[PDB]
Structure formats: structure tokens, C-alpha cells
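Reviewing the structure listed below.
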Amino acid sequence: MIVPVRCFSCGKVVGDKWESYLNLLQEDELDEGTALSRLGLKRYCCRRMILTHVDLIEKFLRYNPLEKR
Amino acid sequence: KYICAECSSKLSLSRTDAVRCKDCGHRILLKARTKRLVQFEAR
Amino acid sequence: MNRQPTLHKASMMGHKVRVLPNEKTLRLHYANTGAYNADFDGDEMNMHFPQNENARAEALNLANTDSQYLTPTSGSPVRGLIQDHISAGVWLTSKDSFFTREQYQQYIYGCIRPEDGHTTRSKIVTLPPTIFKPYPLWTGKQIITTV
Amino acid sequence: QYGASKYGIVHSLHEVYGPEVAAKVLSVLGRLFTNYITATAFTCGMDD
Amino acid sequence: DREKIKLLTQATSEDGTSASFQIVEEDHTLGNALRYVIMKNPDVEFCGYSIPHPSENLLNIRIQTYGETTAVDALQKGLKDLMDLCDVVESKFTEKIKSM
Amino acid sequence: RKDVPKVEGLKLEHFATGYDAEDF
Amino acid sequence: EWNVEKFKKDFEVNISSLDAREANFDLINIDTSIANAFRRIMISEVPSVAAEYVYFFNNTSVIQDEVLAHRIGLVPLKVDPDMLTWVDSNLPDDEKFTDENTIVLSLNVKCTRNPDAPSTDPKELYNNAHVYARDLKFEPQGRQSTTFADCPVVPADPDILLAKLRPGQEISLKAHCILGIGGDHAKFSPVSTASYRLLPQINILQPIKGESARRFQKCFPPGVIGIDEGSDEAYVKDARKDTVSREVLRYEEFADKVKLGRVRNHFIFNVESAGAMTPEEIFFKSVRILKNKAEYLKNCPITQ
Amino acid sequence: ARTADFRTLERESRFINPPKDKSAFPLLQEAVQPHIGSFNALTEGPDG
Amino acid sequence: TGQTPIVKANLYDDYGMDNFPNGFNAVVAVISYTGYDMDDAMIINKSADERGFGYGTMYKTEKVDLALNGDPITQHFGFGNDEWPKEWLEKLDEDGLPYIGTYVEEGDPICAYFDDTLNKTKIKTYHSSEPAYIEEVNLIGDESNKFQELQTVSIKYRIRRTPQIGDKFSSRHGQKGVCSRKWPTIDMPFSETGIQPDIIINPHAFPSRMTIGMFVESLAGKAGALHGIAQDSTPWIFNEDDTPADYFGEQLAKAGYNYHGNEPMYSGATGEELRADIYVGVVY
């Protein structure tokens, strides 16, 4: 749902490297390899955290029963 | 208080009042959350 | 204890009690589950409790897990270290398995623990090493002789 | 030797010393290979 | 401070060249390290750490010695050598962080 | 049967615990 | 006989690298049990500040209540320890909570509609649509607020994406954070990956000159093996840039004239920090907390 | 030509706004084909 | 915290199941190190569990209604001024409905109704051994043309389900297993890099379970976790010519790890290197 922080295996903070990762993919048009190495994720434990996150929060928010459609 | 199911209008009813929204012709009502204190664990 | 479905005399054993301030789950041993024929994948086992002192003595001497080591159906044991202790036994008792002085003393006390009343010597003893020069060095057979 | 087999080492101490000593050696050996595994474990691999 | 360390009269000796000690809220941190610093004492017959069960946070230290030295003295010296080790592992690190 | 397409353009993405990708 | 001065004349340190976030130093001829005690005490015992209790007021957001309290708890803080001492847990909360024990960070965010020309990023569709970690406003209160006047309570990373908002949803809360050790809850662990490794020793049994070293150097990292010429048999540059992989054991050409071992005495330590600690002071506290754990038993007689 | 890989900048694009055109993933719609097709043909087709 | 598989089928993207992640990816270490697994039972890391390792929530829906029938209305929601016991405001409002986000045990008031016949307001409590959180309350009044009065409210509960010791985690290869003990990272064996495996599987299960896929995806997932690529499973693509242990092995060779996957590990308890290298990888 939401980007995780404090990767389970290693413990390094990862929640602050999701929007900057989407910027490195959309703006610079880099590959997944270099876009992960630029953020400073050397170990494959914390690499797979945002390399594989689904981020369903962008689709959960589309249901707002508190304001008109 | 309460909000509608499709129009999402801030409304409220009293005793001997029809359970429906005044803006549209619907019957489902959602009860909003009020500002009160609750203590949970930060784990 | 009792495992459903109970289908043999060795399915109802008498055990001592040991509390564990860790969880809300019963804890078994590897030698007992071989007698109960009970797996651990979602299998549940109840826990009875005698209330009389006489029934307590019966479940302590005649229904205990020690006297039930040999099943009366064929005179064959159903208790024993099951999977990892025999694969580790091949490596521990192996020929090229040498232990230093510290690895030899720490392994022995890690099992005896005379505080909990396992040994009867009331004082642990150590055998001389197999090799003297250039420095002492023990063996797996030597560490089995000690215990 | 030890486990579910006739004429083993534990099955022999059960006859020479009794079931109390037999179950005692079973538990002590249990913690023996448990501690030896804690200091030197055992694993499987794709190269095996 | 009478629950941290206590002697076990159920396994100790009479001259008391051998005894068993029990510590609470301890683990391999002090179990393994303190076990190592005592072995350098040339009057250590048998001594090792052992965790009964990981659920309860206890620790047992059997200690056996030869004559002319009891089991408590070898423990006190064992903890003394650990302090002599902590002082040099800190001083060398301090002199190295200054040598940069 | 054609062989599985090998992924091309790969380097060493791991080194010692305190050394980065300094060695080409 | 092994003595302290005999171990001191041999013990040496070699700091390979250092940074404000990560430091890599080397320990010479130290015992593995002592080295493992340092790593084990660094990952568990060093204290740190982290959110312990949550007081919520309104969580109409789509992200669940206990999930927001879970993330806020995992949020690290750049708060220097030893400013707030330990707090007891037996006494009730009304007097257990003091400014000297804990410090409080608040959060009050509301989302509103923002008109713009429309696939479009939510950065210009609403106001405060994404609440980051920088929105956690520390609340100076109690008796001593000047202790943080030099450096305010700031999260370790202001770019942490805690939650996302939508119009009509609000987030109002106050969070109390205290100190704790990593053994109770590993959120109090200021280290990322505290670990050590033994220096991989490589032995040369036979000459490697010729084209054999041309293929032997590439099996290892290039900085490991060094070659001079066709003569003057190849050697090792430094065994610290060598990652243990046993790649030469696959070839029958090298499976007989090389051996890969380990130096049981030379260790290297690479420690990181979450933001509340520094990789130098946390090891200085490591040797200090072990010096305190055993000295607590030194000046303590035996019972029974 | 890497592999049969995934994508994030394109999947999150669907998470932002659903396509106003026909429904994406034109394979899952054929999973209910025996169900919705049978009840559809109950009214669809000549002679009602 | 659901994630997509690193090594996934070619049709996993065609089905659109990326919208519904059903599991996660973590580092598997096939060891018998701990000793609490003489079967396919596994052991999670306590340090990983406190970070949200497999965090889940339950949702219950109970429809409490007071309507038995054309008959005159007898029961009424809310409160009557005849008699009132105290300590009923912490869970309910003045309308007899509960607040949103309140923690309720078994035996707590969840909805109060007044009745004019018995001239006594009585509470009907929520009875369930698991205390849950209050999430939603739905007001519905229907089956009437012009007369309206509420006699049916649909309350909805949510259950914070932290993964405790005793649950049943499993891979996608039939590898059943129950959590033996939450092993802390303090004594968890650490690798050469310094990562502690958040799951341990007894290698003695494989000879009887007869599974090799979870091994080959422990190298494929390991290669993908370094190069960023996502290997495609798509069975019936490999034969005796090019084995997957070799094809995925060359990627580990050019990555910097072992060709076969055996990564050198360090024991947690004593601190020295193990006898042999430990098989390390990630599995969905």
C-alpha cells in the first residue's frame, strides 16, 4: 500500500527513496540497475524494497466518500 | 455528524426525522468521525 | 497428554511440567512427537490434568514417558533424535572433527549442567586429550566418551 | 545407533542401566547436537 | 542488587574449588566473552557458559579450579582481565581516531 | 530451439563491506 | 602466559575509511568472542530515541490508524541521546510522563482542493496532499526547552513518505517518544547493518607466472591480484578488496595450486548510523556499555 | 531485450487515473465469459 | 506490504494481478542453525517482524437490527431520560451509536437502545474473544414509502492482526510451515555483507518434499535482486542443454557472489565462520 520504511532484512531507511526513484525513471529515463545504484542501495536486501514495491495507495485514495465526485 | 453515501453532504438529523438526505433522494447514511483522543501503541 | 485420534498405548504419555513466559502455545520435544506420531503442521493436541495425588503418582510412575520407551506391540523403540541430531552426529563423531580445549569444555557443560541435576558425579570430569604436541586437541569420539 | 532402531546405543543403555538413564542420554545428546549445530550448522546447497 | 548474580549451592564443592554461578538478563554477550577471559588463568580446571532456554533470560557459569585458588577468585580476576581488555581496546581506538 | 536471451551489459554491483564500485 | 600488556603490544587499529554516516576500521589480533561481543552489543544495547506511544485525534485518511502509528514509530529522529534519561514503567502515566523523560512531536495537516489545469501530478491538484516526515513539528515544552535551542528535533530524513491525503481528510495527532534498547524493540536500533568479516587469506603454492595469471587475476576483483611481468611471480595487492566467492575452485587448473583461508585474528568493522548516532561515538559507547555491564558485576558480591 | 520484466512508471500510471477508453488487461475479461456470456445470451440474440 | 514476485510468470502481468499483491519478498537462508525446525516449519526474524514483516488486518461486519413484524414500532435507538448508568460515553455517543476508532473488548457497549414498554434502557454488548477496533457504522432505513425510522444499523469492525508466533507462512511451492519461534537479530547468523535472514528453512524438508524450484528461484531472485532485472519463470523453457543453475549462475558470477549461490556466513552465537557456506537467496 504505502512505501515501507526501515527495510526488514537490513534496516536502512527506504521510504524516502520512492518518489526520487520515480523521478530517476521518468525524467532521466535510466534503467532499473543504475536507478537503484544512484539512490545508494548496495545490498540486495534494501534494493528489492522499492525496486519491487507496488504502492497501492495511489489507487486506494480514488474512493473519497467525503467530497463530491 | 452524518454524511450521505453518494452526494457526500454534511448533514444531521434529529428525533422524529426521516432517515434520508435532504439534497438527494437516497436512504444510506454514513456516520462521520469526531475529534476525540485515543491512545495506541507506537509499534 | 492425548492426541486425537489416539490409536495406541504410547499415545497417552505422562510428562512433567515446565512453564515458559514466552508464548501462549504448548511446547513438545523431538523424542515425544516420535511416539505420539504427531506432526507440527497445524496439528493441535489437548492437555489433560490429574487432580488426585494418587492419580498423580500413577501418571508419574506408570504413565510417564520414560517407561514407555519400548512399545509392547513389537518390542521396538519409537523414541529418538529424529532429523538434525543424526545428520549433525555424522559430522560431530566424524574422524576429521577436532576440537580445541575451549570447544571441548563448553560443549560438555552445555549439556550436563549439574545445577539441573543431570549427572550423578556431583562434579564434572574431563579426560586427557588425544594429541599432546604441539598443542592439545580432542576428537568427536573423545567428546562422546566424556558425556 | 540412537533413534528408532533395535540394538542401538540408547537401546543398550536402556537394558544395562534402565529407561531413566536411556531417556537421560537421549535428552543430553539432543542438547549436544543442538549446541554443536549452534556453533557449526548444517545446510543444503544447489552445488550438492 | 542481589538478584543479578547468585551462587548455586546445589552444585558447588566443599573446599569449593568448583561452583556454579547464575546470572539474569544476560546472553552470549557476556556469556561468551566472560567465558573467554577467564580461560587465560592457568588455574582453570573446567569453566563454560550455558543457556538453559532462550525464553527465560538467565545464564549459568560453571567454574572449576585446582587447589590454592577457589572459584570466586578466578571469577573476580576474570572480570578484572575484561576491564584490562576494555581499557586497551578503547585507548588504541582513541589514539587511532587522533592519528588520522 | 533458440537459447534463452542472456541479459547483456552487466558489471560487478557488489564489493567488500566498506569498498564501493571503485575498481573497474 | 597471556596477559593484558602482552595483548596490548600486539593489538592495533587501522581505520580504512570514515564518514559522518558510515565508518570502516580494522582490528588486529583480537579474539572472535570479543569482536562478536562488540557487534552483538552494538546492534542491541545502544539506546536511541523513537516514538513509543501514540495519541490520535482524527485519522480519516485511507491509511489505517494502527498503520500510521506504526510508520510514525519507525520514523527515525536526529536526537542526541543521554539528554533524556531512562523512564520507569511501574508507575502510572500521569506522573510517569515528564519533559525530562520524553519529548513530544505533533502533526496537524489538512488537505484542500486547489484549482489547476488538468495524469496530472497531485503536487498541484491539492494542498498538502503528501505529508512527509518534515511535517512532524516538534513541540518545545516542559521545564527545559533551551536544551534543543542549538539543534531542533528533526527527523533523520525529511523525505520519508509517511502518508498521502485527499480533500476532506485530516491528520491531527501528538506523539510521545522515549529512549529504548534494540532488544525490546529493534526500532530503537540506530545501526543499519553492524557486521564484521575475517580478512580472506590467499596462499600461493606454485608459480603463477605466464598466461595463468592473466586468467587468475580476473577470477578475483582486479584490485586483489597484482602482476609485474612474465617473471617475478604474481602476488596479492591487498586482501581487503577481496570478496570471498571461491571462484578459482571451479577451474581444475587452479584447484590444486591455491588455497583460500581465513585470518582468525584480523577483523574489520563497518558500522552505519540511523541519524541519532555517529559511527565513532556509537563504538565508543559500545566499549563503554560493555565496560559498564561487567563492572556492574565486579563491584557486586555473590549471593548464597 | 532484457527479459519478460515488470514496469513501475507504467503501472503507477494506471494507479493515478483509470483509462477513459476500453478496459485495460484484455485477458481477464474472458475469464467470466462463460458466466456473463450465458446470462447475456438469455436476453441477447434473435427472438429475445 | 504486498509485493510482486521478482521471478514471476510471463502471464502474471497479462492477468493484471499486479494490482493485487498476495505476498512479499525476503531473504531465505536454508539452514538448520537454530534447531527449532525438525520439519518444514520455519523461523522468522523478530527484528523483521517488528518492522511489518507480513502485516495483515481482518474486517468483520455485523448487522445489528431491531425490527420484528405493519406492526407499531416498539424499540427505539438513542437514550431515554428515565434511568441511566454511567461510564457509557467512552464507547457511544448521545445517539446510542459508537464513535469511530474506539477499542472494544468483549463485554463493552457497542450500541444502546431504549424501549418504552419495559421503561428500562438495556445494552447489547459485543461478544468475541478477540477485541477489535470500530471502523464504520452504516445507517439504513428502507422497506417503507413515506414513513421513515431507523431499525437497522450495520457496524463494521477491523482486527489488527500482527503476525505472531504460531501463524503459518509458506512459499509458493507447497512448502507448508508454522512459525517455530521469533528469532531475534541479536543471535541471528549474519552473512559477509551483514544482512540477517528474516526466514530460516530446515534443509531436511527438501529430500521428502521433493522441491527444487524454490532453490532455482533462490538464485534467480538473487540475481534479479542485484541486476534489477526480473527473471520470468514461464515453465517448460529449460532443458538438459542449458540448465537454470548455470544460466542464473553466470549472472551471480558476473555480479560478485558465488556461482552456485553458497554465500559464506558467520554464526551468531560464537561469531566464527561456519563449516560450509550457507545457501542464501530470496523467495516469494
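For the reader, a short list of remarks on this structure follows.
Note that the chains take the letters A, B, C, D, E, F, G, H and I in the order they are written out, and that residue 1 is the start of every chain.
Criterion: a contact is a pair of C-beta atoms (placed from the backbone, for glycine too) under 8 Å apart; a residue touches a chain by one contact, two chains touch by 3 or more.
According to UniProt, the chain labels map to these proteins: A = DNA-directed RNA polymerases I, II, and III subunit RPABC5; E = DNA-directed RNA polymerases I and III subunit RPAC2; G = DNA-directed RNA polymerases I and III subunit RPAC1.
Identification of common neighbours of subunit B and subunit G yields A, I. Where touching is counted per the definition, the chains common to subunit B and subunit F are A, G, I. Chain pairs E-I and A-G differ in how many C-beta pairs they share in contact, with the greater number at A-G.
With each centre defined as the average position of its C-alpha atoms, the distance from subunit D to subunit I rounds to 37 Å. Taking each chain's centre as the mean of its C-alpha atoms, subunit A lies 49 Å from subunit D.
If each chain is reduced to the centroid of its CA atoms, subunit D and subunit E end up 30 Å from each other. For subunit G, the set of residues that touch two or more other chains comprises 33, 36, 40, 44, 56, 59-60, 65-67, 70, 74, 168, 185-187, 189, 193, 195, 197, 221, 243, 270.
Within subunit I, residues 4, 18, 32, 35, 47, 50-52, 101, 186-187, 192-195, 226-227, 229, 256-257, 262, 268-272, 275, 277 each touch two or more of the remaining chains. Taken residue by residue, subunit D touches two or more other chains at 34, 37, 39-40, 42, whereas all remaining positions touch fewer. The touching residues of subunit E, when paired with subunit C in their complex, are 8, 10-11, 13, 18, 20, 22, 35-36, 39, 45-50, 52-53, 55-56, 60, 62, 64.
Chain contact summary for the complex, subunit F toward subunit A: residues 13-14, 20-21. Contact residues on subunit I toward subunit C in their complex (touch as defined above): 32, 35, 38-41, 165-166, 168, 176-178, 202, 204, 275.
Those residues of subunit G that touch subunit I in the shared complex are 32-33, 35-36, 39-40, 43-44, 56, 59, 64-67, 70, 74, 182-183, 185-187, 189, 193-198, 221, 243-247, 250, 262, 264, 270. By the touch rule above, subunit G contacts subunit B in their complex via residues 50-60, 65-66, 69-70, 72-73, 168, 172, 175, 177, 185, 187.
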